[PDB]
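Since the structure comes first, as structure tokens, the remarks are kept for the end.
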Amino acid sequence: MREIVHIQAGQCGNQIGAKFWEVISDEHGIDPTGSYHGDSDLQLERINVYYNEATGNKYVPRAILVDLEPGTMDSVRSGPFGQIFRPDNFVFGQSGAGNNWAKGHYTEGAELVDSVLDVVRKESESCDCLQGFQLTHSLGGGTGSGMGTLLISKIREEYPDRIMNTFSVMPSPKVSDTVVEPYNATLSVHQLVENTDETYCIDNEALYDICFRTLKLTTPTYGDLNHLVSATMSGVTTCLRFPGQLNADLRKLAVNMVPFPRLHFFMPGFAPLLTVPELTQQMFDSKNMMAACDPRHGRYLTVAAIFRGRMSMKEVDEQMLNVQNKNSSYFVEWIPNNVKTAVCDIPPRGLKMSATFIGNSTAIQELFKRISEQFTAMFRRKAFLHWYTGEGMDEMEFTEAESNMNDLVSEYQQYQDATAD
Amino acid sequence: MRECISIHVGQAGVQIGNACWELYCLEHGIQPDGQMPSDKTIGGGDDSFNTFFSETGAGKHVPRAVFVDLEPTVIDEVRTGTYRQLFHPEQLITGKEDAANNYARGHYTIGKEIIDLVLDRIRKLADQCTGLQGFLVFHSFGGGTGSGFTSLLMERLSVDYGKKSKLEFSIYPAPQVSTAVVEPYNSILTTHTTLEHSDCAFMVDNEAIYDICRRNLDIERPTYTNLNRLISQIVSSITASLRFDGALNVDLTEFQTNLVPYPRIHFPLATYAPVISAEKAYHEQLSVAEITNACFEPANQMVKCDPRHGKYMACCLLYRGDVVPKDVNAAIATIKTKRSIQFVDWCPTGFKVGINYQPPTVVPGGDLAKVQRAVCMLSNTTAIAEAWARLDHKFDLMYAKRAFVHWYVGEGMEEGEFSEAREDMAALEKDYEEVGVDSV
Amino acid sequence: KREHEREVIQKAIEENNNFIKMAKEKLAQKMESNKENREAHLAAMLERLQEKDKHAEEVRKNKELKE
Ligand SMILES: Nc1nc2c(ncn2[C@@H]2O[C@H](COP(=O)(O)OP(=O)(O)OP(=O)(O)O)[C@@H](O)[C@H]2O)c(=O)[nH]1
Ligand SMILES: Nc1nc2c(ncn2[C@@H]2O[C@H](COP(=O)(O)OP(=O)(O)O)[C@@H](O)[C@H]2O)c(=O)[nH]1
Ligand SMILES: O=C1NC(=O)[C@@H](c2cn3c4c(cccc24)CCC3)[C@@H]1c1c[nH]c2ccccc12
Ligand SMILES: [Ca+2]
Ligand SMILES: [Mg+2]
């Protein structure tokens with residue numbers, strides 16, 4: 001088979017990580033004990049992509065749980081589907097990052113990283129043919145951000161010919177009051193642009209605005225934000241988990257989504273928050289993006305979309321052709337046929353039909369400009385910079401991370417302004 | 001003798017192979033277990049169907065075929081499918097990792113790890129032939145395996161079998177059933193690399209087949225199964241002369257003499273008729289004149305282009321079923337005086353005709369109506385170059401920005417190979433333009 | 001005439017062998033070139049990951065030298 005090794009670091013990473021496993025375990029029809037009690041063989045066709053098969057038909061998630069503090073580790077084990085995770089795959093420190101990137105990347109995490117790699121190595125060595133790794137984490141914290149990016153670099157050393165994918169949660173003052181977050185983000189982006197093949201930009205700013213303005217939820221909880229994330233993560237991995245007209249893996253997705261290596265930051269979307277024409281227009285609407293960016297402020301390099309549920313496929317094909325024609329200016333012309341539609345017969349839990357969106361848009365620069373703006377506001381004053389230099393870092397590493405993310409923005413702008421002739 | 005070995009590469013090649021061989025079995029009365037009651041010579045024979053089927057002492061008729069894919073899941077369906085008894089396990093070769101829509105991985109990184117094994121299994125088939133005629137290679141242009149590995153295999157076959165004939169059935173990419181954005185890259189790279197190693201290549205435009213299934217069989221959204229069952233009928237029509245005998249039967253090699261005026265000009269345009277549903281074919285007999293006239297309707301072509309705006313360099317008609325020369329000649333005479341059929345000035349204008357009395361066959365639960373007579377026209381037209389032009393344009397749009405090129409470079413390829421491949425295509429488009437110019 | 005007949009078939013053999021020969025060499029050249037390039041690409045990738053380790057040592061070293 002073609003196995004994916006899941007990793008979840010820090011608080012945020014384990015929260016959405018656990019939710020991801022709760023949702024897909026339900027779709028594939030397995031209970032927290034690891035036993036299969038489904039009705040369709042399509043649930044087990046490509047189950048090995050995310051699950052190991054143990055004695056007595058026990059399906060164990062190929063997941064590795066990480067955090068520099070043992071608190072969250074108890075939460076998962078106690079939470080639903082806590083009894084399904086492999087006990088030895090729990091790797092926890094005692095320190096705690098304290099929202100310090102340097103601690104997670106150079107100090108505290110660098111001391112725990114080896115014991116994580118031993119678990120990564122054990123899972124990987126048993127794979128028939130490993131295709132890559134997927135990481136869930138936030139960029140605003142210290143562990144999932146700092147140590148998460150350390151693991152990526154370390155894993156890429158031992159598996160340089162495997163795909164590295166990440167579900168990165170971007171920080172937003174609308175959700176977290178923590179002041180130092182734009183430092184952890186910029187430093188993390190400095191790593192992700194160099195050492196990941198695909199990154200799903202899960203933006204808290206977007207997640208907040210959706211819950212508040214659309215779902216009509218004032219003072220939204222993390223549970224509300226994750227209900228969006230889980231539905232998204234379920235959507236973008238459907239083609240990896242189920243058999244269809246065309247079966248996908250991490251590599252084939254990267255080849256089709258990433259025209260240039262650095263420009264691998266996708267803005268995911270979901271609909272609804274019906275009939276086929278309704279779904280299609282919503283998923284291309286800016287209100288339905290999980291990244292706080294207007295796609296009509298830039299151009300699409302590539303676009304991928306799933307339609308889940310039993311519906312008219314003739315209708316879906318016509319509407320997707322319809323949108324591309326009416327919005328032709330927002331798709332680069334120097335990449336022919338840069339929009340693909342996928343279809344899964346099996347709908348999600350609760351919805352008769354839905355649609356998930358993956359866009360490699362140049363409008364993603366808006367998200368990076370926001371972080372860069374908040375970053376430079378703190379860095380011009382050198383506020384709380386002692387927490388980083390205290391761990392042995394230099395001012396340059398802040399400057400380099402800043403200018404590298406600046407280049408990423410301008411590079412996205414370059415191909416936005418490019419023309420066929 | 002005159003055996004033909006089929007090679008099916010990648011998903012497209014394999015799945016088309018499934019349709020073709022299933023169809024062959026039904027045409028020859030071969031059962032899914034390989035037994036053929038009408039065949040009285042047990043364990044061998046020099047009959048016509050022996051060109052495609054070998055025989056075991058137990059009376060099993062085994063396809064002279066190899067199925068190759070760098071990923072196991074497609075061929076695994078063959079291993080556990082209806083016709084799993086038909087193939088010896090060694091004829092079905094799989095790796096653990098596909099080429100990921102990348103020519104480089106199919107030709108180099110992944111393909112090189114299995115190329116020696118494939119050649120060994122091909123050799124085992126060849127050593128069972130008393131007079132091997134050549135190879136038939138089924139593959140897609142767009143897939144990493146169909147593109148990359150095929151070209152590697154074709155190169156290696158030219159070394160191991162010299163100038164032994166190698167024919168192609170190539171699936172030309174279409175947006176309606178696309179699998180990758182880099183299919184134009186893979187298409188240009190394969191065509192360039194394979195050009196010197198192929199004697200004749202029958203391109204099948206998926207959009208053409210997609211349109212025909214929608215228009216003529218009223219299939220609202222055709223699947224690969226829909227496309228493949230139509231394709232196998234065209235393939236069957238072309239290989240019919242090799243698999244059957246008859247007085248008016250003309251060998252494919254004779255058509256090939258007329259179809260290839262220069263080595264690089266070896267891409268015939270196939271047109272098939274009648275494609276019709278059971279509902280419409282009921283109480284509706286399509287005569288010889290009607291199906292022959294349908295061959296000059298561009299809507300029935302395997303490749304999207306306009307021969308009416310091009311020039312002919314050969315025209316072959318391969319009939320099967322209830323057909324006699326008298327009705328063919330009458331139909332042709334009518335067509336010549338009503339259609340836009342113009343030949344280049346350096347070639348004769350006569351249509352070459354072949355007839356196989358064995359009537360057309362359809363697969364159970366299929367969409368195609370069973371008819372008493374069908375026809376496949378093979379023409380050498382300058383208009384087929386339009387297919388190259390469309391592909392080369394999509395190639396240019398992306399390559400001007402070097403989009404997705406890093407995925408190839410990362411696998412060891414160089415930009416020089418891209419430009420070298422594109423220049424060869426430019427020369428090929430020019431070649432088709434030159435052959436159409438009147439003589440001095 | 002007999003002499004010409006020999007020269008024709010010999011020329012046919014020569015051209016056939018030359019085509020096989022050139023094809024065998026052109027392929028060997030390609031697989032070799034591709035092997036070099038892919039290795040050099042992976043080697044470069046590991047080198048700047050090696051640089052990230054050396055940097056991390058210099059960071060942890062710099063910490064204890066400020067106490
Ligand atoms: N007509 C037809 N075309 C097919 C079929 N299967 C795949 N294709 C076409 O083949 C192209 C992609 O190549 P594939 O054969 O699927 O890929 P591959 O050869 O297995 O190579 P990989 O990328 O390594 O998987 C697409 O443009 C498809 O439209 C089929 O069954 N019938
Ligand atoms: N969507 C979401 N974001 C979270 C969650 N928990 C923390 N975050 C975000 O992550 C950042 C804090 O990072 P955290 O995960 O606590 O750091 P760590 O645990 O030390 O790696 C803040 O910007 C939060 O918005 C969660 O459950 N859901
Ligand atoms: O299954 C699939 N594998 C791929 O490589 C995807 C793809 C993206 N582009 C493709 C192109 C061509 C063909 C396939 C694909 C054009 C540009 C972007 C495709 C897909 C369609 N919707 C999805 C939703 C979630 C995950 C994957 C997919
Ligand atoms: Ca016999
Ligand atoms: Mg394949």
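All values below were derived from every heavy atom in this structure, side-chain atoms included, with hydrogens, water molecules and symmetry-related copies excluded. Per chain, numbering begins at 1; letters A, B, ... match sequence-line order.
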ask   = Where is the tightest heavy-atom contact between C:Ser33 and B:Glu414, given as atom of each residue plus distance?
value = OG-OE2, 3.3 Å
key: Side-chain heavy atoms of C:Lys30 within contact of B:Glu155, under 4.5 Å   = yes
key: Heavy-atom neighbours of C:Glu47 CD exceed 12 at 6.0 Å   = no
inquiry  = For C:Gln50, is the CD atom crowded, meaning more than 12 foreign heavy atoms sit under 6.0 Å from it?
reply    = yes
query = Any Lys/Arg nitrogen of B:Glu196 or C:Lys26 sitting under 4.0 Å from an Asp/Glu carboxylate oxygen of the other?
reply = yes
query = Within a strict 4.5 Å, meaning less than it, do heavy atoms of the C:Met31 and B:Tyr108 side chains meet?
reply = yes
task = Please name the pair of heavy atoms, one in C:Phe19 and one in B:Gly162, separated by the smallest distance, quoted to 0.1 Å.
result = CE2-O, 4.5 Å
task = Check the surroundings of atom NZ in C:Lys54: do more than 12 heavy atoms from other residues, nucleotides or ligands lie under 6.0 Å from it?
result = no
inquiry  = So B:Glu411 and C:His41, do their side chains get closer than 4.5 Å, heavy atoms only?
reply    = no
request  = Give the intermediate values and the outcome of side-chain contact (heavy atoms from CB on, under 4.5 Å) for residues B:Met413 and C:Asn34.
outcome  = CA-CA 6 Å; B:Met413 284 191 68; C:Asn34 179 272; 4.3 Å; yes
Pairing residues for B:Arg402 by the salt bridge (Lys or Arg N to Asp or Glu O under 4.0 Å) criterion, not counting sequence neighbours = B:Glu415
ask   = If you take all heavy atoms of B:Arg156 and C:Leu27, which pair is closest and at what distance?
value = CD-CD2, 3.5 Å
ask   = Got more than 12 heavy atoms from elsewhere within 6.0 Å of CD, C:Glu67?
value = yes
request  = Determine whether more than 12 heavy atoms belonging to other residues, nucleotides or ligands lie under 6.0 Å from atom NZ of B:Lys164.
outcome  = yes
task = Please determine, among B:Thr193, B:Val409, B:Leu152, B:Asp160, the option with the most heavy-atom pairs under 4.5 Å with chain C.
result = B:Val409
inquiry  = So for atom CD1, which belongs to C:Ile9, do other residues, nucleotides or ligands contribute more than 12 heavy atoms lying within a distance under 6.0 Å?
reply    = no
